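Protein chains: 2
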Amino acid sequence: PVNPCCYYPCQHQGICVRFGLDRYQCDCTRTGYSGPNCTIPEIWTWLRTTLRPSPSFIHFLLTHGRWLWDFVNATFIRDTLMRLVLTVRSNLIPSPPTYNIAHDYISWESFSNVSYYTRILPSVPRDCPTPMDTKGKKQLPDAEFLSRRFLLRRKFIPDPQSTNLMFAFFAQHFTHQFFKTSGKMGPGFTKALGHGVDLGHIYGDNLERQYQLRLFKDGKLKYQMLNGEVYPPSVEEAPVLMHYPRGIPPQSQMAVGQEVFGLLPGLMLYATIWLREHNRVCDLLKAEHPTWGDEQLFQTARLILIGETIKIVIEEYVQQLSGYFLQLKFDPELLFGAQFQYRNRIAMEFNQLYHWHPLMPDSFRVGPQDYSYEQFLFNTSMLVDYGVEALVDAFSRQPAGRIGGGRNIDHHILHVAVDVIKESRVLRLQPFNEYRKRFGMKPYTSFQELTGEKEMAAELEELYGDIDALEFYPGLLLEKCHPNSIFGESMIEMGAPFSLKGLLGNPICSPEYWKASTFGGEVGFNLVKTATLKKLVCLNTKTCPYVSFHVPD
Amino acid sequence: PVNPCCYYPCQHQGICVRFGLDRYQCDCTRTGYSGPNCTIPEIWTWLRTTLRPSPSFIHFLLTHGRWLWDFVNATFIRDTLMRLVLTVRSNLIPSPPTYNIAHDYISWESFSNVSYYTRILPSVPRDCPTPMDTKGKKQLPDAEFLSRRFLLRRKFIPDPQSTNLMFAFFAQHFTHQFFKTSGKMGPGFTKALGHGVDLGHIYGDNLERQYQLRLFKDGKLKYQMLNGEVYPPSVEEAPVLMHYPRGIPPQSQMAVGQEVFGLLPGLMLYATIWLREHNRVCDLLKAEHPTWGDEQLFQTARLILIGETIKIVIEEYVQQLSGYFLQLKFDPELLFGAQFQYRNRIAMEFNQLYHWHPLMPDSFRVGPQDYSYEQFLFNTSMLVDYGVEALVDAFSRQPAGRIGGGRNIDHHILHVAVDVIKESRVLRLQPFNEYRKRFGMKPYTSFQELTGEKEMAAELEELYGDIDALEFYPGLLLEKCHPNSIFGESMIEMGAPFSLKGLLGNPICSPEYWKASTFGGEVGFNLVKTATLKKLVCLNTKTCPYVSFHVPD
Ligand code: HEM
Ligand code: HEM
Ligand SMILES: C=CCc1cccc(-c2nc(-c3ccccc3Cl)c(-c3ccccc3Cl)[nH]2)c1OC(=O)COC
Ligand SMILES: C=CCc1cccc(-c2nc(-c3ccccc3Cl)c(-c3ccccc3Cl)[nH]2)c1OC(=O)COC
Ligand SMILES: *[C@@H]1O[C@H](CO)[C@@H](O[C@@H]2O[C@H](CO)[C@@H](O)[C@H](O)[C@H]2NC(C)=O)[C@H](O)[C@H]1NC(C)=O
Ligand SMILES: *[C@@H]1O[C@H](CO)[C@@H](O[C@@H]2O[C@H](CO)[C@@H](O)[C@H](O)[C@H]2NC(C)=O)[C@H](O)[C@H]1NC(C)=O
Ligand SMILES: *[C@@H]1O[C@H](CO)[C@@H](O[C@@H]2O[C@H](CO)[C@@H](O)[C@H](O)[C@H]2NC(C)=O)[C@H](O)[C@H]1NC(C)=O
Ligand SMILES: *[C@@H]1O[C@H](CO)[C@@H](O[C@@H]2O[C@H](CO)[C@@H](O)[C@H](O)[C@H]2NC(C)=O)[C@H](O)[C@H]1NC(C)=O
Ligand SMILES: *[C@@H]1O[C@H](CO)[C@@H](O[C@@H]2O[C@H](CO)[C@@H](O)[C@H](O)[C@H]2NC(C)=O)[C@H](O)[C@H]1NC(C)=O
Ligand SMILES: *[C@@H]1O[C@H](CO)[C@@H](O[C@@H]2O[C@H](CO)[C@@H](O)[C@H](O)[C@H]2NC(C)=O)[C@H](O)[C@H]1NC(C)=O
Numbered sequence: 032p033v034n035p036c037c038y039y040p041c042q043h044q045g046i047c048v049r050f051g052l053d054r055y056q057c058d059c060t061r062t063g064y065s066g067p068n069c070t071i072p073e074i075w076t077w078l079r080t081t082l083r084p085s086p087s088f089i090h091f092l093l094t095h096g097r098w099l100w101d102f103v104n105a106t107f108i109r110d111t112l113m114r115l116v117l118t119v120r121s122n123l124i125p126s127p128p129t130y131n132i133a134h135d136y137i138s139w140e141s142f143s144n145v146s147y148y149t150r151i152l153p154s155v156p157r158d159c160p161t162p163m164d165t166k167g168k169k170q171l172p173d174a175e176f177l178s179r180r181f182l183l184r185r186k187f188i189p190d191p192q193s194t195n196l197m198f199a200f201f202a203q204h205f206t207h208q209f210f211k212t213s214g215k216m217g218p219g220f221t222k223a224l225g226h227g228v229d230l231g232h233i234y235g236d237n238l239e240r241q242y243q244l245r246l247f248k249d250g251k252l253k254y255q256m257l258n259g260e261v262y263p264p265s266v267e268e269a270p271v272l273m274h275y276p277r278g279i280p281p282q283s284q285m286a287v288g289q290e291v292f293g294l295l296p297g298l299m300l301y302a303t304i305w306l307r308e309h310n311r312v313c314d315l316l317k318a319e320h321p322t323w324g325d326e327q328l329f330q331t332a333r334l335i336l337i338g339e340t341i342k343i344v345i346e347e348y349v350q351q352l353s354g355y356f357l358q359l360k361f362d363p364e365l366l367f368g369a370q371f372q373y374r375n376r377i378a379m380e381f382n383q384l385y386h387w388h389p390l391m392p393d394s395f396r397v398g399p400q401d402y403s404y405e406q407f408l409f410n411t412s413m414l415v416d417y418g419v420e421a422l423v424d425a426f427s428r429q430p431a432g433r434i435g436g437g438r439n440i441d442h443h444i445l446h447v448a449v450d451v452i453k454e455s456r457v458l459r460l461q462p463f464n465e466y467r468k469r470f471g472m473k474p475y476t477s478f479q480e481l482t483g484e485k486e487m488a489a490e491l492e493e494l495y496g497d498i499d500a501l502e503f504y505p506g507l508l509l510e511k512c513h514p515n516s517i518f519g520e521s522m523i524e525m526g527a528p529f530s531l532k533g534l535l536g537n538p539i540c541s542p543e544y545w546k547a548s549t550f551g552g553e554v555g556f557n558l559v560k561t562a563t564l565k566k567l568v569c570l571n572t573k574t575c576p577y578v579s580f581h582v583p584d
Numbered sequence: 032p033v034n035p036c037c038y039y040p041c042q043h044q045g046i047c048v049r050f051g052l053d054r055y056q057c058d059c060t061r062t063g064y065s066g067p068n069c070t071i072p073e074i075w076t077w078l079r080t081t082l083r084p085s086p087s088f089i090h091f092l093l094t095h096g097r098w099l100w101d102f103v104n105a106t107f108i109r110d111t112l113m114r115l116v117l118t119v120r121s122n123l124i125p126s127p128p129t130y131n132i133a134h135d136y137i138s139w140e141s142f143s144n145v146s147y148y149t150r151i152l153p154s155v156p157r158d159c160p161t162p163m164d165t166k167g168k169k170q171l172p173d174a175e176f177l178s179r180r181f182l183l184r185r186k187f188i189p190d191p192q193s194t195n196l197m198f199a200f201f202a203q204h205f206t207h208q209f210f211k212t213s214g215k216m217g218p219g220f221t222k223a224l225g226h227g228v229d230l231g232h233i234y235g236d237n238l239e240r241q242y243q244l245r246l247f248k249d250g251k252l253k254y255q256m257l258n259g260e261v262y263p264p265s266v267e268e269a270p271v272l273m274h275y276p277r278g279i280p281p282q283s284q285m286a287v288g289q290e291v292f293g294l295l296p297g298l299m300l301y302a303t304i305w306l307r308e309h310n311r312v313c314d315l316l317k318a319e320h321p322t323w324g325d326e327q328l329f330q331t332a333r334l335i336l337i338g339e340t341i342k343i344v345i346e347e348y349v350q351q352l353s354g355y356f357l358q359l360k361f362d363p364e365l366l367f368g369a370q371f372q373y374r375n376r377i378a379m380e381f382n383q384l385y386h387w388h389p390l391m392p393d394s395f396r397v398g399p400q401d402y403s404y405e406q407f408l409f410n411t412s413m414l415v416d417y418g419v420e421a422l423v424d425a426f427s428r429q430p431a432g433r434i435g436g437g438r439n440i441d442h443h444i445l446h447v448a449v450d451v452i453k454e455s456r457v458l459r460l461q462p463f464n465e466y467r468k469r470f471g472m473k474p475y476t477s478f479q480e481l482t483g484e485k486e487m488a489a490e491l492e493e494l495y496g497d498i499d500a501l502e503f504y505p506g507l508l509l510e511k512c513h514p515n516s517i518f519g520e521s522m523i524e525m526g527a528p529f530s531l532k533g534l535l536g537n538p539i540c541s542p543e544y545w546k547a548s549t550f551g552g553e554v555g556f557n558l559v560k561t562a563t564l565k566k567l568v569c570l571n572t573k574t575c576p577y578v579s580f581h582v583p584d
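Just so you know, the sequences run in chain order A and B.
Residue 32 is where the first sequence starts when you use the deposited numbering, and the numbers rise one by one after that.
Residue 32 is where the second sequence starts when you use the deposited numbering, and the numbers rise one by one after that.
This is the structure we're talking about:
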């Protein structure tokens, strides 16, 4: 007999539980609905679902009518809206987390073992006809064909929100502290056990690595001086595992918390910036805390950098990403009243969702010169030759590509997208519309509705056979984008829960941690509270270049 | 200069932060007080502290006036009070946890690294005159002398609350899943990374161990049949590390989740009981879930046993320990409204606090026979000869010793108390009265007030020199006990925060987990909801012996 839980029968977060040979029952417990399939709303849930605005309508409000929003930003209405949206966007994420790749059920091993990526929706049961559901073809479309036809960039499409490469490298840099898939244990496992904003891309993902990187004097990190400017230490001075081209002299390498940051200068640029910041923070502490030691200095400086990392992400990174006129504000006290679980677990859906390779351009413009990918990647000497200032300026001045819409991934990095479609199929993710339903949206009824256009939609229908059999990763990048937006509706509504939960779920936002003593006096607490991207870049350089997440007008 | 933070200047959970060469400042942030030392109450906090009853007065209410309490139990006043107790006894424990042995400050390493025992109060700073504070002698009293004089049992003093050995072995069994100090890494570190009710004393503390113990058929654990009764497998069948006397035949050893349970029959008795229950739970699940596998069966049976473990501890274990007329009830939904962090971290203070070796008697009476310690401990064949039923009956009928008051630890196990006083000094715990202040009690003003008697108080004053220099572990056991109670005021107010946080901090109590699907249908959910000690013992035996936490009248 067929497995009933492959029809995805239960809506609104109902849990499909098999009884007997061919039956099922669903736990609509605390789902807000009732019935065999949890399709009968309770009195309040119906009240909510009727008085709701549509997600496209709310993007309209938040991206139009500035006069109203400038008034709302300067009044308390922001804080209430901050709480409103802040307290709402996190309820879609199970906490404590539920599932992982091996377990499609709540289990103690899925909770204790932090090496698993957690999961929002259970996997497609293995005993079912189509690889996605009861629906669709019996074979999935070729991954490399899908990419070469729909995700491959043909002409550079820039981000209409002015996003620059300075932003994209931060996204790569910032998100490679919790997205570190271990090739040895296979997809679905993670090396980054911090499972959040731990700055494990700076201080490494284990004690052994940070000890080799720490200078053990005044809490600082080891470093080297090239051209009179501070740079991270060479692998010779700091003997840590690094992924570098063979035969590269081990005095031109550099040691950082993330093994991979040597492969792009933009990532090492950020690692350089954070190290200078850390050592600068350590200098301020020792000035006001003469009696402290190396561990005391280091750990407090870490928390400071963690704090001002989250600050910059909320109020400048997400602020740019959303296009919202509602001023986003980092204030942990907004969640002190609500029941909030201060702990995160990276979900494999967040990993798939966050692959923003379309941000990368056709080639990299650094002032007068134009470096190709072969001429840019792996360049061990590019950062030192140009200096932090010139590279930060060059990236901030160069546009970055749009994420959504499709056909905007450069051919050099397209082999990632194919391996991601392959990975999505091996992890056995549920189809796209099922993730829409789980994230408070109605399923798309046809590919024409998805893409909002006729040619590429009709072909997709020929490959997949049915909209309900669409995959997760292809659907996100091919969805019609919001008007003059960087990516479409689904990427907003699905990534926003994970990102919020991962930034405000950090323990420093908790009531027990978010106090001035946690940061060794008010100096640290105000460094976190008043942090900006411009400050982080210009306080650690001899000059102040143009730094922002958007190109100048 | 002297370290100012050794005067313990800041009260009411104020954090001492050193500035400069010889200054300090305190973060009274969210402490409810104000001032340099957080001694100036706010309007509400003063309102609370004046309308407070004394802890001895509330014990009077909860242990007298049965007519009132029987009425309160059958009405909603129980549930409202349950919330009250839940929201009061849990706020004193930092979550996320703050300190550990190496770090006397909030740090990212103390949060991530689960091998550390966490901590409530920072260690006594190393640069200060006396080992406890600015106060007291320059040398602490000899630990072995303190034990032989004040903690050594002279005549068996029984528990006036009727506590039996059946209770005490459960306390040892239940609490050896989170109290597993690693001898290799030294005091202050833990092998039990679950840090709570993970039943790691049944399923081992790592995947390698549980796989060797699991039978991998219908989710069951391996086992062996002796005399027609189920017993845990011999080390030969299940090859896991065990601590056993040398040369003992391996087909007479037994393999369990906790390496140490072979050294006492009472501990192995409980492990036997839990295993039979686990395999019985696995039988019920397979009956209703034919399509499930070994991993699916096993993990759900684990959660069921975890649930009914917590149920038995709250409604029967603590019920016995407290003597409260208010019937305590296990209901996670009582905390759904409050902001409750569903995560625990074992505190080294809880480890010191729960060393209840006074419960152990002079000799163990098993029906007609009376086994000495040498004749009882390490007895590889005692459990199988007498059978589970006869031992459960024998222990429930035999009284257990009182914990508090002092001079009630048997000489066989007194070397533990000595090593605990040594361990407390190595971990560098703050003096007793400082823990009273941190746990919402006024400090004792003299040793005569502590013990409520004159002889042993005067000697303690001679050894210690000052009440404010009293150690943590001695103070708990020597404190005057509540009238006709097993232990005194301090053990109540200090243990209840850790115990409550560790049982209801288990994720299964969270809203995300506490549903019927988490236990594979209503059968699992009702096994958890209706669990009792009598059921756990008699459902897994051919006969039902006398099982209880109290001797018969
Ligand atoms: C030239 C630019 C880039 C290059 C060369 C590059 C390269 C790679 C490679 C080789 C992988 C491994 C995928 C696999 O082996 O299947 C990867 C994964 C990933 N990429 Fe990129 N990438 C670039 C830009 C970006 C950007 C701008 C983002 C923005 C978010 C991003 C996000 C990610 C993430 C989150 C992963 C997951 C890593 C993991 O799961 O361990 N990448 N990238
Ligand atoms: C015959 C009865 C008992 C024996 C033989 C025994 C034996 C031991 C031993 C040898 C230690 C190690 C201490 C050290 O090495 O410094 C220990 C620790 C401990 N004992 Fe017992 N004990 C008994 C009864 C109890 C009881 C009734 C309790 C009730 C709570 C208890 C609670 C503990 C705890 C919590 C630890 C801490 C273990 C750790 O920190 O790793 N013990 N016991
Ligand atoms: C106080 C602030 C609350 C708060 C804290 C921390 C993070 C967020 C956050 N927002 C968003 C977001 C929201 C709406 C529209 C667009 C975006 Cl990109 C995202 C996100 C979504 C998808 C992919 C990636 C990301 Cl990073 N993550 C966050 O929410 C916001 O600040 C904006 O929404 C109110
Ligand atoms: C829904 C119930 C919440 C709840 C769950 C789980 C455990 C507890 C708990 N209580 C106590 C306790 C509390 C007051 C007086 C006496 C005791 Cl022995 C203890 C404890 C204290 C000291 C040493 C050891 C222990 Cl085990 N542990 C608990 O708290 C209570 O039920 C009673 O609190 C007034
Ligand atoms: C809940 O959803 C399930 C699956 O979508 C529905 O079950 C199907 O019902 C149709 C209508 O008779 C049958 O033709 C299918 O054979 C059923 N499939 C399965 C697996 O049972 C069910 O009807 C829905 N519940 C309600 C009340 O409508
Ligand atoms: C977390 O889980 C993974 C996989 O479940 C564990 O790694 C596996 O352990 C088993 C048995 O020890 C081995 O047979 C596998 O070869 C290991 N690797 C993989 C990819 O499965 C890992 O040990 C667990 N981590 C912890 C702390 O328990
Ligand atoms: C790494 O980048 C450096 C620039 O710092 C490249 O060297 C430049 O190469 C361009 C032509 O590609 C010349 O116009 C510049 O004069 C060179 N500058 C220096 C200092 O050499 C270098 O070619 C890049 N490495 C790789 C492998 O492409
Ligand atoms: C906070 O507590 C500290 C320590 O008890 C107080 O410092 C003492 O103050 C008394 C009276 O001023 C002096 O006699 C002692 O010499 C001080 N001891 C030290 C180490 O400085 C301090 O006064 C308290 N703060 C307030 C406002 O009362
Ligand atoms: C947790 O912390 C402990 C102690 O800091 C770490 O164990 C020590 O690691 C250092 C460096 O690797 C060694 O020099 C010590 O000998 C180790 N043992 C002790 C008792 O210090 C441990 O590695 C950390 N665990 C994690 C997951 O980070
Ligand atoms: C382990 O306990 C067993 C009881 O099951 C002990 O054997 C008994 O010993 C007593 C005297 O101590 C005799 O009266 C009984 O006849 C014995 N019964 C059996 C079946 O042998 C045994 O001595 C204990 N082991 C140790 C090391 O003390």
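Each residue gets a CB set at the ideal place from its N, CA and C atoms; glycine is no exception.
Query raised in the report: Hey, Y64 of chain A and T81 of chain A: beta-carbon distance below 8 angstroms or not?
Result: no
Query raised in the report: At a cut-off of 7 angstroms, is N68 of chain A close to ligand 5 when judged by its beta-carbon and the heavy atoms of the ligand?
Result: yes
Query raised in the report: Around the Cβ of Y242 of chain B, are there at least 16 other Cβ atoms within 10 angstroms (buried) or fewer (exposed)?
Result: exposed
Requested in this report: Check whether the Cβ of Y38 of chain A lies closer than 7 angstroms to any heavy atom of ligand 5, and answer yes or no.
Outcome: yes
Query - Segments of 4+ residues assigned as alpha helix (DSSP H) that fall wholly inside the region 371-452 of chain A - result: 379-384, 404-407, 413-427
Query raised in the report: For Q330 of chain B and chain A, any beta-carbon pair shorter than 8 angstroms?
Result: yes
**Report entry** With 16 other Cβ atoms within 10 Å as the buried cut-off, status of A199 of chain A
**Finding:** buried
Query raised in the report: What do you reckon, are the CB atoms on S455 of chain B and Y504 of chain B nearer than 8 angstroms?
Result: yes
Query - Cutoff 8 angstroms: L52 of chain B Cβ touching any chain A Cβ - result: yes
Query raised in the report: Would you call the region 331-345 of chain B and the region 304-316 of chain B touching, i.e. three or more CB-CB distances under 8 angstroms?
Result: yes
**Report entry** Per-residue burial, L99 of chain B [other beta carbons within 10 Å of its own, 16 or more giving buried]
**Finding:** exposed
Query raised in the report: Is DSSP giving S146 of chain B helix, strand or coil here?
Result: coil
Query raised in the report: Got a sec: is the Cβ-Cβ distance from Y417 of chain A to anything in chain B below 8 angstroms?
Result: no
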